[PDB]
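Chemist: Take this structure first; my questions come after.
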Amino acid sequence: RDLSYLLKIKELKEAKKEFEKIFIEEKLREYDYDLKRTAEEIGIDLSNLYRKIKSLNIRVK
Amino acid sequence: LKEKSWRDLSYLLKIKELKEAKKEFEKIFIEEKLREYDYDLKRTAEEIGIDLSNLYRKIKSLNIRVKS
DNA sequence: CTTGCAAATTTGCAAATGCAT
DNA sequence: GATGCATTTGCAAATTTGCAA
């Protein structure tokens, strides 16, 4: 993947939220959108996984 | 038109822990910002929208090194 | 899936250091 | 002493976190 656009973002608070979005998305794909196991493989709480999905607008296809 | 060459971050998506990749990205991001402004801390902290005090604390935490 | 709450982490703002001129 | 800076730090508020619902 080309993630060159993250480095073009002027403000850090945006880049941190864009990366965190793309990162989780790719994880959701690698685990066929099995939330329970994703929040486990990345080391967070499932309750916090849902929260990140609502905030960053992630589509659980 | 020419565009500057950017770093390849295809490995950040390979990191296993989310918490881990957030530190690594934040590190690479700040580093590139330092270079782009030739390591002018005061200005870098302004362009990215954080307090200079935090910028120092981030450099300390992420073990970022400066030129001069 | 969402929610509470308390702890843990981070932020901004100022103030206070150092550190040479 | 003083003056310019560039690092540090002391809180309190903001934020994110885990966990048990």
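Letters A, B, ... mark the chains of the structure tokens in the order given; residue numbers begin at 1 per chain; ligand numbers begin at 1, in order shown.
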Show me, as a Markdown table, the residues of chain A having an atom within 10 Å of region 2-18 of chain D, each with the closest atom pair and its distance in Å, using only C-alpha atoms (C1' of nucleotides).
Modeler:
```
| residue | atom | partner | partner_atom | distance |
| --- | --- | --- | --- | --- |
| A:44 | CA | D:18 | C1' | 8.5 |
| A:45 | CA | D:18 | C1' | 6.8 |
| A:46 | CA | D:18 | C1' | 10.0 |
| A:47 | CA | D:18 | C1' | 9.0 |
| A:48 | CA | D:17 | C1' | 8.0 |
```
Chemist: At a cut-off of 10 Å, list the chain C residues touching chain A, using only C-alpha atoms (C1' of nucleotides), as an NGL selection string.
Modeler: :C and (1-3)
Chemist: May I have the residues of chain B within 10 Å of chain C, counting only C-alpha atoms (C1' of nucleotides), written as a list in words?
Modeler: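 Output check: residues 50, 51, 52, 53 and 54 of chain B.
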Chemist: Pick out the residues sitting within 12 Å of residue 45 (chain B), and hand them over as a compact mmCIF listing (two decimals) with N, CA and C atoms, in the first residue's frame; count only C-alpha atoms (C1' of nucleotides), and ignore anything fewer than 5 positions along from it in its own chain.
Modeler:
```txt
# COMPACT_ATOMS: atom_id res chain seq x y z
N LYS A 10 -0.63 18.20 7.46
CA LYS A 10 0.04 19.25 8.22
C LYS A 10 0.03 19.02 9.73
N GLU A 11 -1.12 18.65 10.27
CA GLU A 11 -1.26 18.50 11.72
C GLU A 11 -1.15 17.05 12.19
N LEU A 12 -0.47 16.87 13.31
CA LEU A 12 -0.21 15.54 13.87
C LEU A 12 -1.48 14.84 14.34
N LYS A 13 -2.41 15.61 14.90
CA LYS A 13 -3.63 15.03 15.45
C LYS A 13 -4.51 14.41 14.37
N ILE B 30 6.82 12.77 12.96
CA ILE B 30 7.52 13.90 13.56
C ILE B 30 8.91 14.07 12.96
N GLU B 31 9.59 12.96 12.70
CA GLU B 31 10.92 13.00 12.10
C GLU B 31 10.90 13.70 10.74
N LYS B 33 8.72 15.76 9.70
CA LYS B 33 8.38 17.16 9.94
C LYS B 33 9.61 17.95 10.35
N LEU B 34 10.45 17.34 11.19
CA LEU B 34 11.70 17.97 11.60
C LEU B 34 12.56 18.28 10.39
N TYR B 37 11.42 21.12 8.09
CA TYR B 37 11.61 22.46 8.64
C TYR B 37 13.03 22.54 9.21
N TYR B 39 14.71 20.95 11.27
CA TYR B 39 14.82 20.82 12.72
C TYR B 39 14.64 22.08 13.56
N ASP B 40 13.73 22.95 13.12
CA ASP B 40 13.38 24.13 13.90
C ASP B 40 12.21 23.78 14.82
N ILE B 50 0.93 21.29 18.07
CA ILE B 50 1.15 20.83 19.43
C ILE B 50 2.02 21.82 20.19
N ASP B 51 2.05 21.68 21.51
CA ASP B 51 2.86 22.57 22.34
C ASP B 51 4.32 22.17 22.27
N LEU B 52 5.20 23.16 22.18
CA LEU B 52 6.64 22.91 22.09
C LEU B 52 7.11 22.02 23.23
N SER B 53 6.49 22.18 24.40
CA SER B 53 6.83 21.37 25.56
C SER B 53 6.55 19.89 25.34
N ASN B 54 5.41 19.62 24.72
CA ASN B 54 5.04 18.28 24.32
C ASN B 54 5.95 17.72 23.23
N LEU B 55 6.37 18.59 22.33
CA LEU B 55 7.23 18.20 21.22
C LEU B 55 8.53 17.66 21.81
N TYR B 56 9.04 18.35 22.83
CA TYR B 56 10.24 17.91 23.52
C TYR B 56 10.01 16.56 24.21
N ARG B 57 8.86 16.43 24.86
CA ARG B 57 8.51 15.19 25.56
C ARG B 57 8.32 14.02 24.60
N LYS B 58 7.85 14.32 23.40
CA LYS B 58 7.69 13.30 22.37
C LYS B 58 9.04 12.86 21.84
N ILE B 59 9.93 13.83 21.64
CA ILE B 59 11.29 13.53 21.20
C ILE B 59 11.98 12.63 22.22
```
Chemist: Contacts from chain B to chain A, 10 Å maximum, only C-alpha atoms: show me the residue list as a PyMOL selection string.
Modeler: chain B and resi 5-23+25-26+28-30+32-33+44-50
Chemist: May I have all residues of chain A that DSSP, computed from the backbone, assigns to alpha helix (DSSP H), given as a PyMOL selection string?
Modeler: chain A and resi 12-30+35-41+46-56
Chemist: Write a file of the selected residues as a short mmCIF file (atom, residue, chain, number, x, y, z; two decimals), in the first residue's frame, keeping N, CA, C and O atoms.
Modeler:
```
data_model
loop_
_atom_site.label_atom_id
_atom_site.label_comp_id
_atom_site.auth_asym_id
_atom_site.auth_seq_id
_atom_site.Cartn_x
_atom_site.Cartn_y
_atom_site.Cartn_z
N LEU A 12 -0.47 16.87 13.31
CA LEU A 12 -0.21 15.54 13.87
C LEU A 12 -1.48 14.84 14.34
O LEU A 12 -1.62 13.63 14.18
N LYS A 13 -2.41 15.61 14.90
CA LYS A 13 -3.63 15.03 15.45
C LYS A 13 -4.51 14.41 14.37
O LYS A 13 -5.33 13.54 14.64
N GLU A 14 -4.33 14.87 13.13
CA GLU A 14 -5.04 14.31 11.99
C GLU A 14 -4.36 13.03 11.52
O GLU A 14 -5.02 12.01 11.31
N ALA A 15 -3.05 13.10 11.37
CA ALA A 15 -2.26 11.96 10.90
C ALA A 15 -2.40 10.75 11.82
O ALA A 15 -2.43 9.61 11.36
N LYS A 16 -2.49 11.02 13.12
CA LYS A 16 -2.64 9.97 14.11
C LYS A 16 -3.99 9.29 14.00
O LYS A 16 -4.12 8.09 14.26
N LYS A 17 -5.00 10.05 13.59
CA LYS A 17 -6.35 9.52 13.47
C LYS A 17 -6.59 8.87 12.10
O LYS A 17 -7.44 7.99 11.98
N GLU A 18 -5.86 9.31 11.09
CA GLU A 18 -5.96 8.70 9.77
C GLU A 18 -5.23 7.37 9.74
O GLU A 18 -5.77 6.38 9.24
N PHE A 19 -4.02 7.34 10.27
CA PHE A 19 -3.24 6.11 10.35
C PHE A 19 -3.98 5.06 11.17
O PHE A 19 -4.14 3.92 10.74
N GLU A 20 -4.44 5.47 12.35
CA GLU A 20 -5.18 4.57 13.24
C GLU A 20 -6.40 4.00 12.53
O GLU A 20 -6.82 2.88 12.81
N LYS A 21 -6.96 4.77 11.60
CA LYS A 21 -8.11 4.33 10.83
C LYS A 21 -7.71 3.29 9.79
O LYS A 21 -8.31 2.21 9.72
N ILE A 22 -6.70 3.61 8.99
CA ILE A 22 -6.23 2.71 7.95
C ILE A 22 -5.65 1.43 8.55
O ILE A 22 -5.81 0.35 7.99
N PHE A 23 -4.99 1.57 9.69
CA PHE A 23 -4.39 0.43 10.38
C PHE A 23 -5.46 -0.57 10.81
O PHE A 23 -5.36 -1.75 10.50
N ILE A 24 -6.47 -0.08 11.52
CA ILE A 24 -7.55 -0.93 11.99
C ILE A 24 -8.31 -1.56 10.82
O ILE A 24 -8.67 -2.73 10.87
N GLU A 25 -8.55 -0.77 9.77
CA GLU A 25 -9.24 -1.26 8.59
C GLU A 25 -8.53 -2.47 7.98
O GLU A 25 -9.16 -3.50 7.71
N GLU A 26 -7.23 -2.35 7.77
CA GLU A 26 -6.43 -3.44 7.22
C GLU A 26 -6.48 -4.67 8.12
O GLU A 26 -6.49 -5.80 7.65
N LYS A 27 -6.52 -4.43 9.43
CA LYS A 27 -6.62 -5.52 10.40
C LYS A 27 -7.97 -6.21 10.28
O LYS A 27 -8.06 -7.43 10.29
N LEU A 28 -9.03 -5.41 10.15
CA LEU A 28 -10.37 -5.95 9.98
C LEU A 28 -10.44 -6.84 8.75
O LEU A 28 -11.14 -7.85 8.74
N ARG A 29 -9.69 -6.48 7.71
CA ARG A 29 -9.66 -7.26 6.49
C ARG A 29 -8.88 -8.56 6.66
O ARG A 29 -9.33 -9.63 6.24
N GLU A 30 -7.72 -8.47 7.29
CA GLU A 30 -6.86 -9.63 7.49
C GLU A 30 -7.52 -10.68 8.37
O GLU A 30 -7.13 -11.85 8.37
N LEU A 35 -14.44 -8.96 14.72
CA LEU A 35 -14.10 -7.96 15.72
C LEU A 35 -13.43 -8.55 16.96
O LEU A 35 -12.36 -8.10 17.37
N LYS A 36 -14.06 -9.57 17.54
CA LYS A 36 -13.57 -10.21 18.75
C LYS A 36 -12.08 -10.55 18.68
O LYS A 36 -11.35 -10.35 19.65
N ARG A 37 -11.65 -11.06 17.53
CA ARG A 37 -10.28 -11.53 17.38
C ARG A 37 -9.33 -10.40 16.99
O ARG A 37 -8.14 -10.46 17.30
N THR A 38 -9.85 -9.38 16.32
CA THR A 38 -9.02 -8.25 15.92
C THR A 38 -8.55 -7.46 17.14
O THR A 38 -7.35 -7.25 17.32
N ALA A 39 -9.50 -7.06 17.98
CA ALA A 39 -9.17 -6.32 19.20
C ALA A 39 -8.26 -7.15 20.11
O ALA A 39 -7.72 -6.63 21.09
N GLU A 40 -8.11 -8.42 19.79
CA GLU A 40 -7.24 -9.31 20.56
C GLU A 40 -5.85 -9.38 19.95
O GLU A 40 -4.85 -9.38 20.66
N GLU A 41 -5.80 -9.42 18.62
CA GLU A 41 -4.54 -9.51 17.90
C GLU A 41 -3.77 -8.19 17.93
O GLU A 41 -2.55 -8.17 17.75
N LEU A 46 -12.31 -4.93 23.16
CA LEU A 46 -13.34 -4.96 22.14
C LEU A 46 -14.27 -3.76 22.29
O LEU A 46 -14.72 -3.19 21.30
N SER A 47 -14.56 -3.38 23.54
CA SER A 47 -15.40 -2.22 23.79
C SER A 47 -14.76 -0.96 23.22
O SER A 47 -15.45 -0.05 22.77
N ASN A 48 -13.43 -0.93 23.23
CA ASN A 48 -12.69 0.19 22.67
C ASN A 48 -12.56 0.09 21.15
O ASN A 48 -12.38 1.09 20.46
N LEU A 49 -12.67 -1.14 20.64
CA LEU A 49 -12.67 -1.37 19.21
C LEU A 49 -13.93 -0.79 18.57
O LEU A 49 -13.85 -0.12 17.54
N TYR A 50 -15.08 -1.06 19.18
CA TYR A 50 -16.33 -0.49 18.70
C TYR A 50 -16.27 1.03 18.73
O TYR A 50 -16.71 1.69 17.79
N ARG A 51 -15.73 1.57 19.81
CA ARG A 51 -15.61 3.01 19.99
C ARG A 51 -14.77 3.65 18.88
O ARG A 51 -15.12 4.72 18.37
N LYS A 52 -13.68 3.00 18.52
CA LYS A 52 -12.81 3.49 17.46
C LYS A 52 -13.50 3.41 16.10
O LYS A 52 -13.25 4.23 15.21
N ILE A 53 -14.38 2.43 15.95
CA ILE A 53 -15.13 2.25 14.72
C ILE A 53 -16.16 3.36 14.53
O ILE A 53 -16.39 3.82 13.41
N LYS A 54 -16.76 3.79 15.63
CA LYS A 54 -17.77 4.84 15.59
C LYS A 54 -17.12 6.21 15.36
O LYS A 54 -17.70 7.08 14.71
N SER A 55 -15.92 6.38 15.91
CA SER A 55 -15.22 7.65 15.83
C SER A 55 -14.57 7.86 14.46
O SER A 55 -14.73 8.91 13.84
N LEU A 56 -13.84 6.85 14.00
CA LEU A 56 -13.07 6.96 12.76
C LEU A 56 -13.89 6.58 11.53
O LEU A 56 -13.38 6.61 10.41
#
```
Chemist: Calculate how many Å separate CA of residue 60 (chain A) from CA of residue 33 (chain A), rounding to one decimal.
Modeler: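 We find that CA of residue 60 (chain A) and CA of residue 33 (chain A) lie 6.1 Å from each other.
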Chemist: For CA of residue 58 (chain A) and CA of residue 62 (chain B), quote the distance in Å rounded to one decimal.
Modeler: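 That distance, rounded to one decimal, is 28.0 Å.
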Chemist: Work out how far apart CA of residue 66 (chain B) and CA of residue 2 (chain B) are and give it in Å to one decimal.
Modeler: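 Distance between the two atoms: 27.3 Å.
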